Amino acid sequence: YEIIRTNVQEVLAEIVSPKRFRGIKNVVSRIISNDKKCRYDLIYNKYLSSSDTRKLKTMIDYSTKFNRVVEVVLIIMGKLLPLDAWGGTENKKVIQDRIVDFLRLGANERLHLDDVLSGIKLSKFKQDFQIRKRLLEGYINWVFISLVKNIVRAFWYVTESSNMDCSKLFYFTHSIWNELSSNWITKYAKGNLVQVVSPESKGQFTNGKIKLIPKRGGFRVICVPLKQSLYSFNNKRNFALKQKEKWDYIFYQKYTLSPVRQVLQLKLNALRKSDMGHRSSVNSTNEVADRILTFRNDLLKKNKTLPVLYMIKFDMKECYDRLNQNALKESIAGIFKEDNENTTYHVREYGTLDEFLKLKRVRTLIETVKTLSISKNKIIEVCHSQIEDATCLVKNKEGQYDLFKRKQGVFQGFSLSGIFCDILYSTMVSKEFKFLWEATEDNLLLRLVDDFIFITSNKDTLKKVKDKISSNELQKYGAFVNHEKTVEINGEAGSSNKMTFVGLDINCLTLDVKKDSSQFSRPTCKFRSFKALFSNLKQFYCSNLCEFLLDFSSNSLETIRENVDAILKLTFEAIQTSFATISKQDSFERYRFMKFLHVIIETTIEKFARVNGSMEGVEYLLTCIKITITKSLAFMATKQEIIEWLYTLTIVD
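Following the working numbering, the residues of the sequence shown are numbered contiguously, the last one being 995.
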């Protein structure tokens with residue numbers, strides 16, 4: 343069914359980017375005519391379509407196994423491309439291995455034609471021919487992004503999991519995906535949503551589109567904002583309207599959302615530094631470790647010895663789903679209580695990813711103020727609009743796309759959801775745990791977004807915490823404690839002494855803090871050359887830099903940076919480890935290494951701005967990437983030129 347949607351005239355234009363160049367026209371013709379005479383339905387019926395629809399344990403089980411996916415892909419590619427189109431016989435296996443590695447990324451990530459291009463000149467058009475062989479780049483680029491990618495899109499819906507570790511992607515067939523998703527959503531809506539009768543003019547802003555993510559026995563619902571109105575989503579052929587409403591969103595994102603996001607963060611940051619109750623809130627994993635190791639050091643100083651300690655961890659059941667919208671709207675007014683609303687705030691104007699790629703060219707990282715005004719009035723209006731008016735689109739199963747609203751709570755995926763949850767729980771914590779903010783000597787409460795840990799040496803103040811979490815007093819805010827996941831240890835030589843809180847291992851007697859197995863698994867750095875090492879690490883970094891790690895609508899920049907630093911630390915430690923072994927047989931070249939760094943840094947920025955669509959945070963993130971790489975290269979004896987080059991990179995103006 344036409345896996346190739348362009349004619350021979352179009353494919354050759356793609357290859358020869360601006361005749362006795364006919365051998366290519368010959369190959370493309372056979373590939374295109376093979377695509378039409380290919381069945382594509384006996385292949386689907388043979389390997390795929392799994393017509394045993396018995397209720398399985400986990401959603402993931404419905405996915406097509408990666409080995410079956412590769413088998414299908416390569417069997418299609420084998421029919422499509424004749425023996426010569428593969429550049430020979432050994433080149434064929436080489437490219438197939440590169441296709442597999444491209445399938446591990448889900449065929450979505452950016453293709454790099456330097457790793458994949460490792461063939462020879464035995465492709466007889468399938469002194470200075472070499473420099474003129476940049477046609478092979480266009481051919482191979484056409485094979486991967488136009489044939490492999492379109493085969494994947496044809497048969498499977500590709501998504502990662504929520505269960506964990508986020509690199510292993512799952513290929514669900516379209517027929518089984520639409521059936522699972524439609525039935526879950528229809529059930530989810532009845533028990534959690536309520537439809538909306540009449541739309542309104544500001545619909546390009548509050549409309550969302552549902553994206554599902556497999557949770558062990560179900561799904562996790564994310565809401566992707568629609569960059570258009572409900573009208574143009576049903577009128578799918580009025581392309582002029584969608585482009586106008588798309589820029590409507592871009593300007594709404596640029597001048598309305600981003601300012602509101604910035605001011606709420608300022609108020610929240612001016613509470614962590616000013617209010618005792620807000621100092622228990624913490625923005626990142628490493629900040630938990632640092633505050634614990636500081637608390638430990640305070641005890642050692644203040645007491646000369648560590649006393650017997652009592653710690654308990656608890657978390658909130660579905661903090662976004664059950665969030666109390668009214669308790670939130672009061673929290674928002676609270677941090678504005680002294681502002682006498684006609685006061686105006688001046689924040690920076692940040693760019694948009696769509697502004698970069700639509701209006702100009704690529705390679706946003708070059709080797710070489712603009713403030714806005716927003717009023718508190720408008721801020722409260724936008725916050726209320728996102729809380730009250732946020733609607734999603736659900737398939738009516740006959741193609742009608744009704745618009746539903748949350749009965750309670752906020753959608754995860756809207757640009758303000760994450761900071762909303764931060765404002766409400768910070769306000770909550772500072773209000774209900776009043777009795778711990780003036781005795782920080784021997785009690786510590788720490789909050790990551792919906793995870794809590796309380797360490798103390800006081801059996802009586804431990805009861806007060808256990809009495810509040812066992813009470814309804816927190817339900818008013820929408821925080822329902824996950825009582826079945828609450829763990830308590832004290833370490834009195836009869837009690838357990840270990841506890842894993844946020845991916846850290848904490849000892850109850852020594853207050854030792856560690857990292858739980860470094861969940862971004864071993865980078866496998868046993869290679870003979872530096873080029874071979876950098877290619878492997880480039881694959882590791884891209885596949886382990888998951889999108890959910892860079893989402894600003896759900897995590898704070900501080901935690902986004904620390905997830906970056908985590909992948910960087912593991913990437914470079916594999917260089918530090920194997921440098922002496924490799925350097926014995928292959929000479930380190932700083933310029934090949936700099937190109938490797940340049941790819942790592944560009945991928946991080948490009949992926950960040952693709953996930954958030956808003957350049958806010960790229961400059962701050964870029965400078966932090968410099969520092970992390972500087973610190974991770976300390977072992978490098980001579981790195982002056984590398985570092986000098988590193989510090990010259992900037993984002994495109």
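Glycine residues also receive a C-beta, built at the ideal position from the N, C-alpha and C atoms.
Sorted by chain position, which residues of the same chain lie with C-beta nearer than 7 angstroms to residue i's C-beta, five sequence neighbours on each side aside?
i	result
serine 600	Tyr692, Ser956 and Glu958
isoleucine 518	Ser392 and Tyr404
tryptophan 428	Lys434 and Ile437
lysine 873	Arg934
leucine 447	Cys884 and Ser885
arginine 621	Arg614
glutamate 697	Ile592
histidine 726	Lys671
Closer than 6 angstroms by C-beta to residue i: which residues in its own chain qualify, once you throw out the five before and the five after it? Chain order, please.
i	result
residue 294	The structure shown does not extend to residue 294, since the chain spans only 343 to 995, so no value can be given for it.
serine 898	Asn625
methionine 618	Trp779
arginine 638	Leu853
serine 509	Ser885 and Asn886
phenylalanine 561	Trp526 and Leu554
Between which two residues does the beta strand (DSSP E) harbouring residue i extend?
i	result
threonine 733	733 to 736
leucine 354	From DSSP, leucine 354 is part of no beta strand (DSSP E) but of the alpha helix (DSSP H) over 350 to 357.
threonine 686	686 to 690
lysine 553	549 to 557
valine 829	829 to 831
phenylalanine 869	Premise fails: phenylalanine 869 is in no beta strand (DSSP E) and is neither H nor E.
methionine 841	840 to 842
By the three-class DSSP mapping on this structure, what secondary structure does residue i have?
i	result
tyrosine 499	strand
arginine 474	helix
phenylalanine 363	coil
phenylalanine 512	strand
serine 392	coil
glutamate 958	coil
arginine 562	strand
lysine 378	helix
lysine 857	strand
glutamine 537	strand
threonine 400	coil
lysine 529	helix
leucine 786	strand
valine 624	coil
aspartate 590	helix
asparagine 433	helix
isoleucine 848	strand
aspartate 793	strand
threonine 769	helix
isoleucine 345	coil
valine 994	coil
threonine 798	strand
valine 823	strand
Looking at the secondary structure, which residues open and close the alpha helix (DSSP H) in which residue i lies?
i	result
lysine 805	801 to 811
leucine 606	600 to 614
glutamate 413	408 to 422
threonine 636	627 to 645
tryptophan 987	982 to 988
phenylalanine 575	572 to 576
Could you pull out every residue in the same chain whose Cβ sits closer than 8 angstroms to the Cβ of residue i, ignoring the five residues on either side in sequence?
i	result
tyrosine 591	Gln546, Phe547, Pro567, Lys569 and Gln570
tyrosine 662	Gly751, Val752, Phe753, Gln754, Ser759 and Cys763
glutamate 815	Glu774
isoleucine 385	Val414, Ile417 and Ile418
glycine 550	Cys565, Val566, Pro567, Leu568, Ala732, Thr733, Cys734, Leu735, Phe753, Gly755 and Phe756
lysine 776	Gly619
Is it the case that the CB of residue i approaches a heavy atom of the ligand MN more closely than 6 angstroms?
i	result
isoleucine 942	Summarising the ligand content, the structure contains no ligands, and the ligand MN is consequently not present.
Taking contact to mean 3 or more Cβ pairs, one atom from each stretch, closer than 8 angstroms, check whether the region 569 to 587 and the region 665 to 676 are in contact. These segments do not touch.
At what residue ranges does the region 650 to 683 contain a whole run of the alpha helix (DSSP H), taking only runs of 4 or more? The region 650 to 683 contains these whole alpha helix (DSSP H) runs: 661 to 664 and 667 to 676.
At what residue ranges does the region 872 to 912 contain a whole run of the alpha helix (DSSP H), taking only runs of 4 or more? You should have 872 to 886.
Every unbroken alpha helix (DSSP H) within the region 693 to 767, with a cutoff of 4 residues, ordered by chain: Correct list: 695 to 701 and 718 to 730.
Stretch pair the region 525 to 537 + the region 694 to 712: three plus CB contacts closer than 8 angstroms: With a cut-off of 8 angstroms, the region 694 to 712 and the region 525 to 537 do not count as touching, because too few Cβ pairs lie within range.
Given 8 angstroms as the limit, is there contact between the region 651 to 668 and the region 925 to 937, that is, 3 or more CB pairs closer than that? Counting Cβ pairs under 8 angstroms, fewer than three are found: no touch.
With a threshold of 8 angstroms, are at least 3 pairs of Cβ atoms found where one atom belongs to the region 870 to 890 and the other to the region 450 to 460? Per the Cβ contact rule, the region 870 to 890 is in contact with the region 450 to 460 (3 or more Cβ pairs under 8 angstroms).
Three or more C-beta pairs under 8 angstroms: does that hold for the region 415 to 431 against the region 839 to 847? Using a Cβ-Cβ distance cut-off of 8 angstroms, the region 415 to 431 and the region 839 to 847 are not in contact, since fewer than three pairs of beta carbons, one from each stretch, lie closer than that value.
Inspect the CB distances between the region 493 to 505 and the region 554 to 568 and report whether three or more fall short of 8 angstroms. Flag = yes, the region 493 to 505 and the region 554 to 568 touch.
Does the region 968 to 977 come close enough to the region 907 to 914 to have 3 or more Cβ pairs within less than 8 angstroms? Contact between the region 968 to 977 and the region 907 to 914 is present, because at least three Cβ pairs lie under 8 angstroms.
Three or more C-beta pairs under 8 angstroms: does that hold for the region 855 to 865 against the region 800 to 814? Too few Cβ pairs lie closer than 8 angstroms, so no.
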